[PDB]
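K.L.:
Can you read through this structure? Questions will come right after.
Derivation of every value follows stated rules applied to the coordinates shown; laboratory data play no part. Every residue, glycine as well, gets a Cβ built from its backbone with ideal geometry; the counts of neighbours run over all protein chains shown.
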RNA sequence: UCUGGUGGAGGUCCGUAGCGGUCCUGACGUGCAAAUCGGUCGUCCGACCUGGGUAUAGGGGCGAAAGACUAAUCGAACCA
RNA sequence: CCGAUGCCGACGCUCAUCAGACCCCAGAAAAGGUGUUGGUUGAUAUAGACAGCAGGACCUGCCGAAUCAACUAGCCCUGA
RNA sequence: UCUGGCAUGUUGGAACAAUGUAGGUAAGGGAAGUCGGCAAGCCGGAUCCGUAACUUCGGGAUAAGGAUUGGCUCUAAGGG
RNA sequence: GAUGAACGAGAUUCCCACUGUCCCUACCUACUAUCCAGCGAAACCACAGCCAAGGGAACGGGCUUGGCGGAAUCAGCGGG
RNA sequence: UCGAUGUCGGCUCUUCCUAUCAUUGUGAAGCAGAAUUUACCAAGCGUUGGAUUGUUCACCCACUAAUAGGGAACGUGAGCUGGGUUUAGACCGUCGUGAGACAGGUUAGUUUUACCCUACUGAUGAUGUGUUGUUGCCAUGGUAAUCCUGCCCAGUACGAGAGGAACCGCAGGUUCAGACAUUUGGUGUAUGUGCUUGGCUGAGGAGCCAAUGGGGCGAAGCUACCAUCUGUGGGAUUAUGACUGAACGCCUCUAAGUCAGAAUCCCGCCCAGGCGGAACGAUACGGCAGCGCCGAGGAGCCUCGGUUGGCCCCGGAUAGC
């Protein structure tokens, strides 16, 4: 007979396989549609999730109850050191799909990028690309490279760059760079190839890919949670207290007559570590990263034009379960997938941005920098020293020195 | 427009009556705007219209269903600008369908959310918290 | 962007921290955290708790 | 007649040991166990609990009575 | 599929935005169609048919050869 | 805890997933759950106050309701 | 027959208090389950084991016609 | 089907049907507006919280866009529960001389087994490309968003009045989905740091035991619509309304030929990734060796089989070439 009272089904079958992701790095499954009239530009970047904090800003939507009023918004910090271009890939369109036509690599590839080519770098002889690079130097090999760029020019419809992150600059245990193909959009195939060739072996900062207050897409792998029951995996109703043989389960897993368990029934299994793509994340800020100017280190990241505190995006005591952020970073509104240290994929939007929320220009008034290792209450160490006063450890040091 | 607020008062909650109509209790039996979902109790926060019944109070309004508006709650809720606010008690006042108060004075503070939604309630409030 | 002071500890409260407490008699208090909030609801006197600003001012520790 | 003491009755009350076995319709349910385990429960000076010795034997016994019990067998045991 | 029309097979009917496709047999009725195809009966039309162009208010002039109605029964469609 | 006794009740190592058995805690509501407050929770000792209907005058009665309770330093009274 | 204090692990209704019974679930702990060394059963078993429709003893794993079908396995699960 | 197919209802969960309550797009009215009724495409999405009853059913209270109806062994007991019905104890009424009966009422009354095959959920792996790695493509399968307020339009159109809309636009919310802890809350054996009861180490100091002694505050972690963030584009078309236009000298949305057209459908976005491909990299100690290219040069052997001249190409129309 029919369900007595209607209720919507628990969960979505649009994420059906609900397994561990086969990849640790987020994958761009659709790049923005190419427009030949636009200038040549990149469409994606690779960052690392450092942590979360909250900001203070005043909003500018006229009809709202918070119009011209100060609001507090959670943000996420994604550390994005520059990427190094090491290759070019060409693709041809076929009635069977997009097929890899020819890839060309740069003459010198750093050791951190070569680490991606080995499962045991310690035991390896580091012979990757040692014969390929000699082709860039030999006269016969140079002619083949030029012919291979020409064939890409006259046969390829899609041009991508192979780029890797620099893990020397990150405070992570891992030293192996993440490689990625980033599609080049705009212009003609010839203009794409010329753009790619000239910045081969070069560095692409994140400010040349993304800009301020633009709405981007974040691709990554969700936090892993292991084996879980239907109560946590699919959020089914817990059975009564006096249930025999288990409360945290689905009572009826199917009717008699189809005589099989359907694929649409909640079952216990793997939860988390799922590949996900969230689509509308605004860029609140693009940090500048530490730089040495006139012998003094500039820490001015996360100093707005209303506080001038001379502090860094780093909270007091550092980001928890992540080192110090010393490179360029992207501040996104809200939360993003993954653990800390998780590598995130940031790509340009596939949609046309026309709503007021997406077009509004944001300007931070304050950035929280209190410690996340507890109930922090001091923005800077200088503020804490001024409020607290001299301590016993300072007087002890003075006694030792005098 | 009113932003979403942490709900603290589901159906069956008994709250204080802050007006001077003679009612001392408001027993919430339903909430406006609630489509609902299976097994989910309708819940109300500050600024919400409810049907209540008077459990302790003057006899001429005890065995009927009254409109009421929640003005104070103990469940802390997040105002924008990141302020979590809660009150010492849950309270409401008896009103009609149009929002006009059955009483003439309100005891204690009135939340800013309910004051903005209901101007007549706000005009009777000694303070806005 | 106004910064409050805790009603029990006297510490500096920044915009996204703590809770506000409004009483039935119309008084509004600010609490840096639940440690200060719980002490206030316990009717504890801040002048007798060592780590408050009020205690240090009374004892002339600064 | 009232008041304050003394006194220590009771198939008296709370509640140990003991005797029993309410509910969870909990545990277990090819068990530790052919009836057990835990929490919670009833009673606990009496029509109380208990060892040994004695008597009643199958259409018989015994039964504060449930067709209960009568050697894991009872609306007539077990053995040939 | 699957042996056998890979006949230069014969005459028609029928288009279905739920087509139809073989005894028992495995699904449809009353009632309908200005879809199309036959058939029956009646009627008009050189003095002039039916159309159409208008007037008087059923008649006329202008175009100048087939037309109008009722029914019936095949396939298709609605009923489904 | 001492006298006395023992080696954790027919095995050990590593890990800390789902479901379970056993023990806890939970914001705001406060039985809206459910056949049913089942389960759990509230109360709980002693001292000082204060105790209703009804009644077979014995009771009900720890009815209900309220206050106190630590540590330290003293004081007064109670005997051979 | 009617009634009725005291009593009741007896059946029922409401009220205060209290609460994870519930909104709506979450986290923690011990023992498992888990993996390993050692030891090591039982129930059950025509052959076996992917579906849809058909017909059939009128609800097929096997037959007909379609959909299709890729070694060996692990932890769970309760549709068959 | 009686050498047993566990049985009422509820709870939980999925899918399906449409004879459509709402929502999208329409046609008709005894459609002035508002409200309503009739019909078409249409099942994508939604269809609630409670008092009484074991109940299905019913009834009422209250919100709502609406509170539509159904199936799946009258779905679902090795999923639960056991209130009812359906054993044995017992009570009442009526019937019977009685033992006893009641399609009458009442109260108490054991809910067993998965480790097997498949199904499903996740997890290793498999055959192939000489080995191995990196970057990628895609067949095919899944698929997701939903509804409502307030402001303005506007006290306007419409209407004698009473009343009283709508498109564009703005600000939000419900339901659902996918995440996430900066903040608030929860947890807390970091057994972290105070406090405290009983006992114990001669006492201090320092500790320990009471199956986590108790309690306060608690980092990290996990976690809550109990905090926060995000949720999207096209194509062919249905119903319908039309264009040109015969049949049928007029007419006609239909016959040939055109147009607009939607919560439906298909694709996209998103999830997975074939006994399915691609581009690239590196390809074996150093003294023993293996391996690669030159169609390498031959000579021979074993094995699996088939076959017994080739066609190296306009695009197409068909009432024309």
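K.L.:
Here's a check for you: in the stretch A:7-64, which residue that is within 14 Å of chain B (Cβ to nearest Cβ) and without any contact (Cβ under 8 Å) to a residue 24 or more places away in the chain is nearest to residue A:342 (Cα to Cα)?
P.N.:
A:8
K.L.:
Tell me which of these residue B:19 doesn't satisfy, since it passes every other one: (1) more than 10 Å from RNA strand F (Cβ to nearest atom); (2) assigned to a strand (DSSP E or B); (3) more than 14 Å from chain A (Cβ to nearest Cβ); (4) in contact (Cβ under 8 Å) with a residue 40 or more places away in the chain.
P.N.:
(2)
K.L.:
Tally time: how many residues in the stretch C:18-33 are outside any strand (DSSP E or B), facing another protein chain (nearest Cβ under 7 Å) and within 13 Å of the chain's Cα centre (by Cα)?
P.N.:
The total comes to 2.
K.L.:
Report yes if residue B:6 is assigned to a loop (DSSP other than H, G, I, E, B) and either within 11 Å of RNA strand H (Cβ to nearest atom) or closer than 11 Å to residue B:94 by Cα (or both), otherwise no.
P.N.:
Yes.
K.L.:
Something else about it: Quick one: residue A:173 ticks every box in (1) touching a residue at least 40 places away in the same chain (Cβ under 8 Å); (2) more than 16 Å from RNA strand F (Cβ to nearest atom) bar one, so which box is it?
P.N.:
Going through (1) touching a residue at least 40 places away in the same chain (Cβ under 8 Å); (2) more than 16 Å from RNA strand F (Cβ to nearest atom) one by one, residue A:173 breaks only (1).
K.L.:
Also: Among the candidates A:242, A:249, A:228, which residue alone is within 12 Å of RNA strand G (Cβ to nearest atom), buried (at least 17 other Cβ atoms within 10 Å of the Cβ) and away from chain B (no Cβ under 14 Å)?
P.N.:
A:249
K.L.:
On to the next question. Is it the case that some residue within the stretch A:290-297 is surrounded by fewer than 19 Cβ atoms within 10 Å (Cβ to Cβ) and under 28 Å from residue A:181 (Cα atoms)?
P.N.:
yes
K.L.:
I'm trying to understand the selection: among the residues of the stretch C:2-17, which are facing another protein chain (nearest Cβ under 7 Å) and in contact (Cβ under 8 Å) with a residue 40 or more places away in the chain?
P.N.:
C:11 - this is the single residue of the stretch C:2-17 that is facing another protein chain (nearest Cβ under 7 Å) and in contact (Cβ under 8 Å) with a residue 40 or more places away in the chain.
K.L.:
Another one. Here's a check for you: in the stretch B:73-109, which residue that is within 10 Å of another protein chain (Cβ to nearest Cβ) and over 15 Å from residue C:19 (Cβ atoms) is surrounded by the most Cβ atoms within 10 Å (Cβ to Cβ)?
P.N.:
In this case the residue turns out to be B:91.
K.L.:
State all residues of the stretch B:110-127 that are in contact with a strand residue (DSSP E or B) (Cβ under 7 Å, 6 or more places away or on another chain) and more than 9 Å from every other protein chain (Cβ to nearest Cβ); if no residue qualifies, say none.
P.N.:
Hits for the stretch B:110-127 are B:110, B:112, B:114, B:115, B:118, B:120, B:121, B:122, B:124, B:125.
K.L.:
Identify, by number, the condition in (1) buried (at least 16 other Cβ atoms within 10 Å of the Cβ); (2) away from chain A (no Cβ under 14 Å); (3) more than 13 Å from RNA strand G (Cβ to nearest atom) that residue B:8 doesn't meet.
P.N.:
With respect to (1) buried (at least 16 other Cβ atoms within 10 Å of the Cβ); (2) away from chain A (no Cβ under 14 Å); (3) more than 13 Å from RNA strand G (Cβ to nearest atom), residue B:8 is out only on (3).
K.L.:
Still on this structure, please answer the following. Picking from A:223, A:237, A:192, which residue would you name as being within 16 Å of RNA strand F (Cβ to nearest atom) and in contact (Cβ under 8 Å) with a residue 12 or more places away in the chain?
P.N.:
Going through A:223, A:237, A:192 in turn, the sole match is A:223.
K.L.:
What are the residues in the stretch A:240-277 that are more than 6 Å from RNA strand H (Cβ to nearest atom), in contact (Cβ under 8 Å) with a residue 40 or more places away in the chain and more than 20 Å from residue A:226 (Cα to Cα), if any?
P.N.:
none
K.L.:
Of these, B:26, B:38, which one is away from chain A (no Cβ under 14 Å) and away from RNA strand D (no atom under 16 Å from the Cβ)?
P.N.:
B:26
K.L.:
Among A:314, A:300, which is the only one that is outside any strand (DSSP E or B) and without any contact (Cβ under 8 Å) to a residue 24 or more places away in the chain?
P.N.:
Just one listed residue meets the conditions, A:300.
K.L.:
Please work out which one of (1) crowded, with 16+ Cβ neighbours inside 10 Å; (2) within 16 Å of RNA strand G (Cβ to nearest atom); (3) away from chain B (no Cβ under 14 Å) is the condition residue A:285 fails and give its number.
P.N.:
Condition not satisfied by residue A:285: (2).
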